[PDB]
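Dumped run-v1.cif below, it's mmCIF, C-alpha atoms:
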data_target
loop_
_atom_site.group_PDB
_atom_site.id
_atom_site.type_symbol
_atom_site.label_atom_id
_atom_site.label_comp_id
_atom_site.auth_asym_id
_atom_site.auth_seq_id
_atom_site.Cartn_x
_atom_site.Cartn_y
_atom_site.Cartn_z
ATOM 1 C CA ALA A 1 -12.053 -13.619 -3.974
ATOM 2 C CA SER A 2 -10.225 -15.580 -1.309
ATOM 3 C CA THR A 3 -6.914 -14.213 -0.155
ATOM 4 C CA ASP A 4 -3.843 -16.468 -0.193
ATOM 5 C CA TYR A 5 -1.104 -14.305 1.343
ATOM 6 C CA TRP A 6 -0.554 -12.873 4.821
ATOM 7 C CA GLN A 7 1.949 -9.990 5.076
ATOM 8 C CA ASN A 8 3.263 -9.244 8.583
ATOM 9 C CA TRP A 9 6.616 -7.487 8.786
ATOM 10 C CA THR A 10 8.260 -5.206 11.358
ATOM 11 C CA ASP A 11 11.758 -3.671 11.193
ATOM 12 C CA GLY A 12 11.824 -4.472 14.905
ATOM 13 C CA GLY A 13 11.030 -1.094 16.248
ATOM 14 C CA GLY A 14 8.349 -0.842 18.858
ATOM 15 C CA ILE A 15 5.330 -3.168 19.084
ATOM 16 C CA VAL A 16 3.216 -4.439 16.191
ATOM 17 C CA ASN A 17 0.328 -6.757 17.328
ATOM 18 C CA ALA A 18 -0.985 -8.105 14.034
ATOM 19 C CA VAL A 19 -3.788 -10.743 14.011
ATOM 20 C CA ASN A 20 -4.240 -12.961 10.977
ATOM 21 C CA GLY A 21 -8.038 -13.099 11.139
ATOM 22 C CA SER A 22 -10.793 -15.195 9.550
ATOM 23 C CA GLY A 23 -10.673 -15.349 5.722
ATOM 24 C CA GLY A 24 -9.653 -11.862 4.367
ATOM 25 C CA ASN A 25 -9.855 -10.140 7.778
ATOM 26 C CA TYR A 26 -6.980 -8.863 9.933
ATOM 27 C CA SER A 27 -6.217 -6.328 12.631
ATOM 28 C CA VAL A 28 -3.196 -4.296 13.606
ATOM 29 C CA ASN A 29 -2.594 -2.598 16.934
ATOM 30 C CA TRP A 30 0.728 -0.860 17.069
ATOM 31 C CA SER A 31 2.609 1.188 19.628
ATOM 32 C CA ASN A 32 5.626 3.529 19.127
ATOM 33 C CA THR A 33 6.834 1.739 16.065
ATOM 34 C CA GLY A 34 9.568 1.938 13.474
ATOM 35 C CA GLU A 35 8.492 0.696 10.074
ATOM 36 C CA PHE A 36 5.934 -2.115 9.640
ATOM 37 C CA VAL A 37 3.564 -3.393 6.933
ATOM 38 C CA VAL A 38 0.692 -5.765 7.610
ATOM 39 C CA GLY A 39 -2.041 -6.874 5.213
ATOM 40 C CA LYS A 40 -3.822 -9.594 3.242
ATOM 41 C CA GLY A 41 -4.057 -10.368 -0.426
ATOM 42 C CA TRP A 42 -2.216 -12.446 -2.985
ATOM 43 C CA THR A 43 1.083 -14.205 -3.525
ATOM 44 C CA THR A 44 1.090 -13.144 -7.178
ATOM 45 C CA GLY A 45 -0.032 -9.631 -7.947
ATOM 46 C CA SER A 46 -1.469 -8.476 -11.190
ATOM 47 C CA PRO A 47 -2.124 -5.162 -12.832
ATOM 48 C CA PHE A 48 -5.553 -6.566 -13.759
ATOM 49 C CA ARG A 49 -6.736 -7.438 -10.277
ATOM 50 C CA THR A 50 -9.707 -5.725 -8.583
ATOM 51 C CA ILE A 51 -9.194 -5.444 -4.847
ATOM 52 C CA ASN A 52 -12.110 -4.959 -2.481
ATOM 53 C CA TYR A 53 -11.913 -4.117 1.225
ATOM 54 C CA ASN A 54 -13.825 -2.797 4.177
ATOM 55 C CA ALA A 55 -11.850 -1.125 6.913
ATOM 56 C CA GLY A 56 -13.997 -1.491 9.948
ATOM 57 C CA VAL A 57 -11.461 0.334 12.104
ATOM 58 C CA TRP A 58 -9.151 3.067 10.800
ATOM 59 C CA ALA A 59 -7.592 4.724 13.831
ATOM 60 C CA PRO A 60 -3.932 5.685 13.300
ATOM 61 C CA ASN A 61 -2.354 7.937 16.026
ATOM 62 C CA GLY A 62 0.294 9.524 13.845
ATOM 63 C CA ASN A 63 1.769 8.272 10.581
ATOM 64 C CA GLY A 64 -0.029 5.249 9.070
ATOM 65 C CA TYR A 65 -1.457 4.377 5.579
ATOM 66 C CA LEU A 66 -4.491 2.372 4.558
ATOM 67 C CA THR A 67 -3.160 1.322 1.196
ATOM 68 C CA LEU A 68 -2.901 -1.224 -1.641
ATOM 69 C CA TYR A 69 0.728 -2.346 -1.422
ATOM 70 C CA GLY A 70 2.912 -4.572 -3.553
ATOM 71 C CA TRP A 71 6.073 -5.213 -5.507
ATOM 72 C CA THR A 72 7.317 -6.034 -8.969
ATOM 73 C CA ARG A 73 10.726 -7.240 -10.040
ATOM 74 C CA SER A 74 12.426 -6.470 -13.380
ATOM 75 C CA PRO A 75 12.473 -3.704 -12.482
ATOM 76 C CA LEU A 76 12.108 -3.652 -8.644
ATOM 77 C CA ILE A 77 9.272 -1.255 -7.770
ATOM 78 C CA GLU A 78 7.364 -0.840 -4.495
ATOM 79 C CA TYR A 79 3.881 0.581 -5.242
ATOM 80 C CA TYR A 80 0.961 2.040 -3.350
ATOM 81 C CA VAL A 81 -2.649 3.033 -3.785
ATOM 82 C CA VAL A 82 -3.263 4.987 -0.621
ATOM 83 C CA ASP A 83 -6.939 5.470 0.235
ATOM 84 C CA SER A 84 -6.512 6.936 3.761
ATOM 85 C CA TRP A 85 -3.769 7.971 6.144
ATOM 86 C CA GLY A 86 -3.136 9.415 9.626
ATOM 87 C CA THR A 87 -1.420 12.681 10.318
ATOM 88 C CA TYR A 88 0.958 12.447 7.327
ATOM 89 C CA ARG A 89 -0.165 12.435 3.678
ATOM 90 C CA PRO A 90 2.503 10.839 1.552
ATOM 91 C CA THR A 91 3.655 12.965 -1.399
ATOM 92 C CA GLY A 92 6.675 13.086 -3.740
ATOM 93 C CA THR A 93 7.425 14.004 -7.334
ATOM 94 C CA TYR A 94 4.070 15.071 -8.790
ATOM 95 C CA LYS A 95 3.184 13.274 -12.023
ATOM 96 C CA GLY A 96 -0.511 13.841 -12.598
ATOM 97 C CA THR A 97 -3.840 12.473 -11.224
ATOM 98 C CA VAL A 98 -6.202 9.566 -11.898
ATOM 99 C CA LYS A 99 -9.935 9.152 -11.204
ATOM 100 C CA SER A 100 -10.836 5.676 -10.030
ATOM 101 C CA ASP A 101 -13.699 4.229 -7.871
ATOM 102 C CA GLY A 102 -15.237 7.564 -7.066
ATOM 103 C CA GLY A 103 -12.003 9.253 -5.998
ATOM 104 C CA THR A 104 -9.335 11.314 -7.593
ATOM 105 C CA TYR A 105 -5.705 10.350 -6.721
ATOM 106 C CA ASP A 106 -2.460 12.331 -7.080
ATOM 107 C CA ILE A 107 0.307 10.316 -8.728
ATOM 108 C CA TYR A 108 3.876 10.498 -7.320
ATOM 109 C CA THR A 109 7.241 8.899 -7.660
ATOM 110 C CA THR A 110 9.839 8.800 -4.861
ATOM 111 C CA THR A 111 13.099 6.936 -4.213
ATOM 112 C CA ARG A 112 14.151 4.914 -1.179
ATOM 113 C CA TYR A 113 17.787 4.463 -0.327
ATOM 114 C CA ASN A 114 19.392 1.735 1.826
ATOM 115 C CA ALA A 115 15.995 0.414 2.731
ATOM 116 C CA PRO A 116 14.423 -3.002 3.115
ATOM 117 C CA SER A 117 13.057 -4.673 -0.015
ATOM 118 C CA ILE A 118 12.108 -8.102 -1.183
ATOM 119 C CA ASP A 119 15.670 -8.544 -2.505
ATOM 120 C CA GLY A 120 17.711 -7.131 0.336
ATOM 121 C CA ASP A 121 17.893 -5.258 3.709
ATOM 122 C CA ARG A 122 19.682 -2.210 2.155
ATOM 123 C CA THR A 123 18.232 -1.564 -1.296
ATOM 124 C CA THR A 124 17.747 1.560 -3.422
ATOM 125 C CA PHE A 125 14.563 1.486 -5.455
ATOM 126 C CA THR A 126 11.741 3.560 -6.924
ATOM 127 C CA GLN A 127 8.281 3.829 -5.370
ATOM 128 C CA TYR A 128 5.088 4.514 -7.347
ATOM 129 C CA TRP A 129 2.080 6.081 -5.595
ATOM 130 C CA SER A 130 -1.505 7.017 -6.156
ATOM 131 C CA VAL A 131 -2.628 8.980 -3.108
ATOM 132 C CA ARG A 132 -6.241 9.942 -2.776
ATOM 133 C CA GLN A 133 -6.713 13.721 -2.798
ATOM 134 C CA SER A 134 -8.848 13.436 0.348
ATOM 135 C CA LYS A 135 -9.229 10.555 2.779
ATOM 136 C CA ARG A 136 -11.628 7.852 1.651
ATOM 137 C CA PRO A 137 -14.341 7.281 4.178
ATOM 138 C CA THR A 138 -13.990 3.885 5.879
ATOM 139 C CA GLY A 139 -16.402 1.261 7.221
ATOM 140 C CA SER A 140 -18.261 0.594 3.911
ATOM 141 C CA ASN A 141 -17.218 -1.679 1.118
ATOM 142 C CA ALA A 142 -14.602 -0.074 -1.070
ATOM 143 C CA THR A 143 -13.043 -1.110 -4.373
ATOM 144 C CA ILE A 144 -9.664 -0.337 -5.906
ATOM 145 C CA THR A 145 -9.821 -1.004 -9.632
ATOM 146 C CA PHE A 146 -6.061 -1.351 -9.895
ATOM 147 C CA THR A 147 -5.921 -1.391 -13.700
ATOM 148 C CA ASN A 148 -7.011 2.250 -13.669
ATOM 149 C CA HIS A 149 -3.940 3.131 -11.624
ATOM 150 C CA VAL A 150 -1.523 0.993 -13.631
ATOM 151 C CA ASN A 151 -2.796 2.512 -16.865
ATOM 152 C CA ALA A 152 -2.532 6.077 -15.549
ATOM 153 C CA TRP A 153 0.950 5.357 -14.222
ATOM 154 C CA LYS A 154 1.998 3.940 -17.655
ATOM 155 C CA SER A 155 0.664 7.144 -19.347
ATOM 156 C CA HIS A 156 3.122 9.126 -17.162
ATOM 157 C CA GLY A 157 6.196 6.920 -17.918
ATOM 158 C CA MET A 158 5.837 4.872 -14.784
ATOM 159 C CA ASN A 159 6.464 1.313 -15.910
ATOM 160 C CA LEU A 160 6.009 -1.559 -13.549
ATOM 161 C CA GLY A 161 8.180 -4.733 -13.645
ATOM 162 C CA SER A 162 7.317 -7.860 -15.500
ATOM 163 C CA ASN A 163 7.679 -10.214 -12.543
ATOM 164 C CA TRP A 164 4.901 -9.691 -10.026
ATOM 165 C CA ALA A 165 5.445 -10.343 -6.309
ATOM 166 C CA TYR A 166 2.823 -10.145 -3.539
ATOM 167 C CA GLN A 167 -0.057 -7.662 -3.601
ATOM 168 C CA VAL A 168 -1.987 -6.863 -0.403
ATOM 169 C CA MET A 169 -4.405 -4.383 1.116
ATOM 170 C CA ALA A 170 -2.270 -3.084 3.931
ATOM 171 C CA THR A 171 -1.757 -1.022 6.997
ATOM 172 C CA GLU A 172 1.765 0.566 6.855
ATOM 173 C CA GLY A 173 3.019 2.697 9.736
ATOM 174 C CA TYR A 174 6.141 4.530 10.731
ATOM 175 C CA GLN A 175 6.957 6.282 13.978
ATOM 176 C CA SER A 176 3.416 6.023 15.340
ATOM 177 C CA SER A 177 0.777 4.102 17.261
ATOM 178 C CA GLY A 178 -2.731 3.113 16.211
ATOM 179 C CA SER A 179 -5.427 0.542 15.424
ATOM 180 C CA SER A 180 -6.796 -0.810 12.174
ATOM 181 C CA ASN A 181 -9.132 -3.633 11.200
ATOM 182 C CA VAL A 182 -9.581 -4.512 7.527
ATOM 183 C CA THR A 183 -11.301 -7.271 5.518
ATOM 184 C CA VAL A 184 -9.974 -7.931 2.019
ATOM 185 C CA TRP A 185 -11.467 -9.845 -0.963
#
Just give me the structure as structure tokens.
Amino acid sequence: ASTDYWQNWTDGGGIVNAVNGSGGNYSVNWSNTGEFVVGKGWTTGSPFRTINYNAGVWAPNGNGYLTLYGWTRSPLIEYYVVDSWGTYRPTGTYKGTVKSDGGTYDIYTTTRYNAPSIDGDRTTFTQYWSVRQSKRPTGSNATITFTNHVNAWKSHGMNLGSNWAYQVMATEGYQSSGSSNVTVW
């Protein structure tokens, strides 16, 4: 599918060189950063979307995630399906696991305080995660059948909001450098 949304955000710390590439493609090259999130996908997310990608370059130097990323409102939830990472594997309150697209993912909840969200610069909100138990290989076509995650999350009392915001396949980094190149469809 064609992508209709380009996500490119930095909290201002360090350097984030993000290139909005042809079609579903983009690259990020980042150096000594604070927080940033770059990716492509859709203005309106859905729990029934299938997201495909191919990360031709996955080269974080430190803390970075190769991850499905999005928001809901009502309630406000920031959510992740993390397929690979750098030096840091994101964890939190263990809920259970879900098998999807050849991988098994741990499910976590965490809470962010006084942090940036789609509704303010200093918000407190819950985060939902599926984090692959081992790094997904990159460079071949990969699929995230997101309904499998949403359904598993629901089965653990993790309810997403009714009002869907953007939904992208992203590179997120914090306190790191690196390079990524990803095509999304």
Could you list as a PDB file with C-alpha atoms, keeping the file's coordinate frame every residue that has an atom within 12 Å of (-4.7, -13.5, 13.4), using the file's coordinates and counting all atoms listed in the file?
ATOM      1  CA  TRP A   6      -0.554 -12.873   4.821  1.00  0.00           C
ATOM      2  CA  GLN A   7       1.949  -9.990   5.076  1.00  0.00           C
ATOM      3  CA  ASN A   8       3.263  -9.244   8.583  1.00  0.00           C
ATOM      4  CA  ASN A  17       0.328  -6.757  17.328  1.00  0.00           C
ATOM      5  CA  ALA A  18      -0.985  -8.105  14.034  1.00  0.00           C
ATOM      6  CA  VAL A  19      -3.788 -10.743  14.011  1.00  0.00           C
ATOM      7  CA  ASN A  20      -4.240 -12.961  10.977  1.00  0.00           C
ATOM      8  CA  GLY A  21      -8.038 -13.099  11.139  1.00  0.00           C
ATOM      9  CA  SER A  22     -10.793 -15.195   9.550  1.00  0.00           C
ATOM     10  CA  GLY A  23     -10.673 -15.349   5.722  1.00  0.00           C
ATOM     11  CA  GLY A  24      -9.653 -11.862   4.367  1.00  0.00           C
ATOM     12  CA  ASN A  25      -9.855 -10.140   7.778  1.00  0.00           C
ATOM     13  CA  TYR A  26      -6.980  -8.863   9.933  1.00  0.00           C
ATOM     14  CA  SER A  27      -6.217  -6.328  12.631  1.00  0.00           C
ATOM     15  CA  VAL A  28      -3.196  -4.296  13.606  1.00  0.00           C
ATOM     16  CA  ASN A  29      -2.594  -2.598  16.934  1.00  0.00           C
ATOM     17  CA  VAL A  38       0.692  -5.765   7.610  1.00  0.00           C
ATOM     18  CA  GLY A  39      -2.041  -6.874   5.213  1.00  0.00           C
ATOM     19  CA  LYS A  40      -3.822  -9.594   3.242  1.00  0.00           C
ATOM     20  CA  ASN A 181      -9.132  -3.633  11.200  1.00  0.00           C
ATOM     21  CA  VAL A 182      -9.581  -4.512   7.527  1.00  0.00           C
TER      22      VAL A 182
END
Exactly which residues make up the result of the PyMOL selection byres ((chain A and resi 160) around 10) on this file, given as an NGL selection string? :A and (47 or 71-79 or 128 or 150 or 153-154 or 157-159 or 161-164)
Name the residues captured by the PyMOL selection byres ((chain A and resi 2) around 7) when it is applied to the shown file; answer as a VMD selection string. chain A and resid 1 3 to 4 24 185
Residue neighbourhood segment 95-101 of chain A, 10 Å, all atoms listed in the file, exclusion window fewer than 5 positions, as a VMD selection string: chain A and resid 106 to 109 129 to 133 142 to 153 155 to 158
Could the residues in this selection be written to a file with C-alpha atoms, as a PDB file, in the coordinates of the input?
ATOM      1  CA  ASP A 106      -2.460  12.331  -7.080  1.00  0.00           C
ATOM      2  CA  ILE A 107       0.307  10.316  -8.728  1.00  0.00           C
ATOM      3  CA  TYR A 108       3.876  10.498  -7.320  1.00  0.00           C
ATOM      4  CA  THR A 109       7.241   8.899  -7.660  1.00  0.00           C
ATOM      5  CA  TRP A 129       2.080   6.081  -5.595  1.00  0.00           C
ATOM      6  CA  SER A 130      -1.505   7.017  -6.156  1.00  0.00           C
ATOM      7  CA  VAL A 131      -2.628   8.980  -3.108  1.00  0.00           C
ATOM      8  CA  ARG A 132      -6.241   9.942  -2.776  1.00  0.00           C
ATOM      9  CA  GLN A 133      -6.713  13.721  -2.798  1.00  0.00           C
ATOM     10  CA  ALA A 142     -14.602  -0.074  -1.070  1.00  0.00           C
ATOM     11  CA  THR A 143     -13.043  -1.110  -4.373  1.00  0.00           C
ATOM     12  CA  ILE A 144      -9.664  -0.337  -5.906  1.00  0.00           C
ATOM     13  CA  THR A 145      -9.821  -1.004  -9.632  1.00  0.00           C
ATOM     14  CA  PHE A 146      -6.061  -1.351  -9.895  1.00  0.00           C
ATOM     15  CA  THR A 147      -5.921  -1.391 -13.700  1.00  0.00           C
ATOM     16  CA  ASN A 148      -7.011   2.250 -13.669  1.00  0.00           C
ATOM     17  CA  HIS A 149      -3.940   3.131 -11.624  1.00  0.00           C
ATOM     18  CA  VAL A 150      -1.523   0.993 -13.631  1.00  0.00           C
ATOM     19  CA  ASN A 151      -2.796   2.512 -16.865  1.00  0.00           C
ATOM     20  CA  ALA A 152      -2.532   6.077 -15.549  1.00  0.00           C
ATOM     21  CA  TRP A 153       0.950   5.357 -14.222  1.00  0.00           C
ATOM     22  CA  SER A 155       0.664   7.144 -19.347  1.00  0.00           C
ATOM     23  CA  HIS A 156       3.122   9.126 -17.162  1.00  0.00           C
ATOM     24  CA  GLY A 157       6.196   6.920 -17.918  1.00  0.00           C
ATOM     25  CA  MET A 158       5.837   4.872 -14.784  1.00  0.00           C
TER      26      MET A 158
END
How far is it from atom CA of residue 121 of chain A to atom CA of residue 179 of chain A, in Å with one decimal? 26.7 Å
Quick one: of A:67, A:117, A:134, A:141, who's nearest to residue 103 of chain A, counting all atoms listed in the file?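 Ranked by minimum distance to residue 103 of chain A, first place goes to A:134.
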